[PDB]
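*Asks:* coordinates for the following, if possible.
(one chain, ligands or ions: 2)
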Amino acid sequence: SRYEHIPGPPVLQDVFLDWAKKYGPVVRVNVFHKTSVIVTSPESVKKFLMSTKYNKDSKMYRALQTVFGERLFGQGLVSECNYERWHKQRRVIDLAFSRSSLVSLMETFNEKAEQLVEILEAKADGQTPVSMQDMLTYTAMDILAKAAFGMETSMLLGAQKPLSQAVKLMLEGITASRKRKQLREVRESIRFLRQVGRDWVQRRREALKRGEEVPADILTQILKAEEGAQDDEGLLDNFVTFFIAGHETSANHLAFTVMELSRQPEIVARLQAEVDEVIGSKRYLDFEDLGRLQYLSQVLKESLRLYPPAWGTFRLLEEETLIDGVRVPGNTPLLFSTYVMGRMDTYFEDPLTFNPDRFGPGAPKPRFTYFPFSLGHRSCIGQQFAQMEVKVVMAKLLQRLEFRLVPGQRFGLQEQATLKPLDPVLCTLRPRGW
Ligand code: HEM
Ligand SMILES: CC(C)N(c1cccc(-c2cnco2)c1)S(=O)(=O)c1cccc(Cl)c1
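*Replies:* Numbering: from 1, shown residues only. Ligands and ions are numbered 1, 2, ... in the order given. Right below this line is the structure:
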């Protein structure tokens with residue numbers, strides 16, 4: 001009753017879209033364990049996301065914190081809702097994301113991209129069906145394992161199959177929580193990953209004790225953040241956090257892009273020409289090269305408009321407030337969705353048209369209607385890491401390979417925590433040059 005006055009009805013994100021179009025910029029939803037309000041006006045996006053006065057709603061994030069009694073993200077960097085505790089760990093971990101820290105990862109990005117491309121080249125008979133979803137997540141996993149934790153997962157070599165099963169099952173579990181054997185598998189998956197965390201953490205401390213060389217990475221900084229804890233629960237919270245966040249959304253984004261570009265030959269031909277002109281025959285992309293891939297840069301932005309893996313963020317409204325002419329009571333979770341806003345014609349002309357020119361220099365920039373890495377103090381720490389990562393992978397693909405989506409492969413979405421292609425993005429492949 002306390003929310004009955006708010007406009008509302010008497011893939012779920014598409015229902016959110018229908019509701020936003022039908023009911024306006026402030027709509028109540030009852031799908032989560034708590035009534036919440038989805039807010040889709042730019043003014044509100046700006047007001048709520050671009051302020052330190054508004055914090056994440058812990059009731060909504062507890063779904064990431066613990067899954068079916070089993071601690072997952074805990075109080076790591078994504079799911080920590082206390083400002084003081086968040087701010088402390090953010091600033092320590094920030095160091096691993098400095099310009100120079102990121103620049104030094106170019107070798108890892110290039111190596112794993114080059115491995116992927118050679119693996120695909122060997123299958124490029126225009127006949128063999130290849131799951132680009134699988135191949136791209138293997139690549140994202142291998143990049144992250146090495147870049148963040150100094151570990152070689154070798155998923156591109158077909159290793160660590162149990163590990164990717166664990167990730168899959170726990171992600172499905174986050175959404176499902178919104179029988180007997182599903183719960184068992186999910187719980188086991190979560191514990192498996194935290195145990196992997198302990199393993200790799202042990203390996204690092206031992207490396208350190210034996211006075212071996214340890215490059216400064218994300219793991220260095222999540223250890224620094226926990227210098228005087230009474231246990232390793234915070235450490236493992238952050239391990240899991242970065243282990244998942246550090247590859248899942250990147251994988252989703254890559255898969256979405258390849259899927260869409262597979263029906264955009266004109267754009268692909270343009271992307272192919274850009275890559276040819278800037279890197280040439282080179283096998284390695286420098287940092288400075290990434291900047292000159294302007295058209296690919298725009299393509300990836302447009303891919304994030306239509307297909308954002310991270311679809312929602314929540315803030316706690318503490319005091320009753322008027323939001324776009326709607327009275328919203330105090331203690332209410334507010335939902336912000338780049339997915340919904342990206343598909344609204346009031347925000348984007350022909351919203352379902354894939355046009356990279358929307359992000360061309362001299363194009364009017366989306367003013368608070370596009371936020372695939374969110375906005376304000378709780379924006380993605382991994383944003384530049386991701387942008388560089390996916391540019392390197394995409395550029396090597398485009399340099400070397402032609403992709404054709406196997407007929408019957410759908411363009412639909414599925415929700416497994418984040419949004420990703422429903423289908424495995426099966427493609428046949430041919431080398432460039434006939
Ligand atoms: C295309 C790839 C990526 C997308 C679209 C993306 C999107 C987002 C979004 C929307 C948030 C806000 C979360 C929230 O409001 O609850 C976020 C935060 C975060 N992302 Fe990402 N992300 C990406 C890649 C990465 C990478 C590569 C890393 C790690 C290397 C990462 C780690 C994080 C972390 C730790 C946070 C929490 C930051 C904080 O609150 O201080 N993400 N990301
Ligand atoms: C914006 C967040 C909370 N989402 C999300 C989830 C997992 C990893 C990442 C991530 C961020 N950076 C890298 O990975 C982002 S989500 O939108 O998928 C989501 C999922 C479940 C419930 C909700 Cl409410 C939202």
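*Asks:* ok, for the residue sitting nearest the centre point of the chain, nearest residue in space, not its chain neighbours?
*Replies:* The chain has residue 249 as the residue nearest its centroid, 2.2 Å off, counting by Cα atoms, centre = their mean. Nearest residue to residue 249 in three dimensions, chain neighbours excluded: residue 309, at 4.3 Å (Cβ to Cβ, 6 or more residues apart in numbering). Heads up, the C-betas are built off the backbone N, CA and C, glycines and all.
*Asks:* number of residues surrounding the one you found?
*Replies:* Neighbour count for residue 309, taken as other Cβ atoms under 10 Å: 21.
*Asks:* in three-state terms, label it for me.
*Replies:* Here residue 309 is recorded as coil under DSSP: H, G, I helix; E, B strand; the rest coil.
*Asks:* for residue 420, same thing?
*Replies:* Three-state call for residue 420 (three-state DSSP): strand.
*Asks:* get me the contact residues on the stretch 51-200 of the chain for ligand 2.
*Replies:* The stretch 51-200 of the chain comes close to ligand 2 at residues 60, 63, 174, as judged by Cβ under 6 Å from any ligand atom.
*Asks:* just the residues you listed: which are in helices?
*Replies:* Taking DSSP state H, the ones among these that sit in helices are 60, 63, 174.
*Asks:* hang on, the earlier thing: TSV for the residues of the stretch 51-200 of the chain next to ligand 2, including distance to residue 105?
*Replies:* What follows is these, written out as TSV (distance: Cβ to Cβ, whole Å):
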residue	distance to residue 105
60	32
63	31
174	28
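*Asks:* reformat these as CSV; add distance to residue 100 and neighbour count.
*Replies:* CSV is the format used below for those (distance: Cβ to Cβ, whole Å; neighbours: other Cβ atoms under 10 Å):
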residue, distance to residue 100, neighbour count
60, 36, 22
63, 36, 19
174, 35, 20
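*Asks:* just those now: which is nearest ligand 1?
*Replies:* Nearest to ligand 1, judged by Cβ to the nearest ligand atom, of those is residue 60 at 9.0 Å.
*Asks:* which residues touch that closest one?
*Replies:* Applying Cβ atoms under 8 Å, 6 or more residues apart in numbering to residue 60 gives the contacts 32, 34, 36, 314, 333.
*Asks:* also residue 125?
*Replies:* Residue 125 is in contact with 428, 429, 430, counting by Cβ under 8 Å, 6+ apart.
*Asks:* quick one: it from ligand 1, how far?
*Replies:* Counting by Cβ to the nearest ligand atom, to the nearest Å, the gap from residue 125 to ligand 1 is 31 Å.
*Asks:* give me the element the spatially closest residue to residue 270 that is not a sequence neighbour is part of.
*Replies:* Once flanking residues are discounted, residue 270 sits nearest to residue 295: 6.0 Å by Cβ to Cβ, 6+ apart. Assigned by DSSP states H and E, residue 295 falls within helix 294-306.
*Asks:* now for that helix, which elements pack on it?
*Replies:* helix 248-261, helix 265-278, helix 338-342, helix 383-400 (3 or more Cβ pairs under 8 Å, 6 or more residues apart in numbering; DSSP states H and E).
*Asks:* circling back: let's have the contacts of residue 125 in JSON lines, adding secondary structure and distance to residue 276.
*Replies:* Shown next, in JSON lines, are these (DSSP: H, G, I helix; E, B strand; the rest coil; distance: Cβ to Cβ, whole Å):
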{"residue": "428", "secondary structure": "strand", "distance to residue 276": "22"}
{"residue": "429", "secondary structure": "strand", "distance to residue 276": "18"}
{"residue": "430", "secondary structure": "strand", "distance to residue 276": "16"}
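*Asks:* just the buried residues from these, in ChimeraX please.
*Replies:* Buried members of those, defined by 16 or more other Cβ atoms under 10 Å, are picked up in ChimeraX with:
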select :428,429
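*Asks:* ok now do residue 106, which residues does it touch?
*Replies:* Counting by Cβ under 8 Å, 6+ apart, residue 106 touches 285, 286, 287, 388, 392.
*Asks:* distance-wise, check the closest residue to the second one other than its chain neighbours relative to ligand 1.
*Replies:* Looking back up the chat, that one is residue 286. Using Cβ to Cβ, 6+ apart and skipping the chain neighbours, the partner closest in space to residue 286 is residue 106 (7.1 Å). Residue 106 sits 15 Å away from ligand 1, going by Cβ to the nearest ligand atom.
*Asks:* same deal with residue 151?
*Replies:* Distance of residue 151 to ligand 1, given as Cβ to the nearest ligand atom: 14 Å.
*Asks:* pretty sure that residue contacts residue 145?
*Replies:* Yes: between residue 151 and residue 145 there is a contact under Cβ atoms under 8 Å: 4.6 Å.
*Asks:* tell me which of these two has more neighbours.
*Replies:* When residue 151 and residue 145 are compared for neighbours, residue 145 comes out ahead with 23 against 17, by other Cβ under 10 Å.
*Asks:* re the thing from before, give me phi/psi at the residue nearest to residue 286?
*Replies:* phi -60, psi -40 (degrees, to the nearest 10).
*Asks:* go on, residue 208?
*Replies:* phi -70, psi -40.
*Asks:* distance of it from ligand 2?
*Replies:* 28 Å.
*Asks:* which ones are touching the residue in the stretch 251-400 of the chain that ligand 1 sits nearest to?
*Replies:* Nearest residue of the stretch 251-400 of the chain to ligand 1: residue 382, at 2.1 Å (Cβ to the nearest ligand atom). Shown in contact with residue 382 (Cβ under 8 Å, 6+ apart): 97, 245, 246, 249.
*Asks:* got the residues of the stretch 1-150 of the chain near ligand 1?
*Replies:* Within the stretch 1-150 of the chain, the positions lying close to ligand 1 (Cβ under 6 Å from any ligand atom) are 77, 78, 90.
*Asks:* ignoring the adjacent residues along the chain, who's closest to the last one?
*Replies:* Read that as residue 90. residue 77 (6.5 Å).
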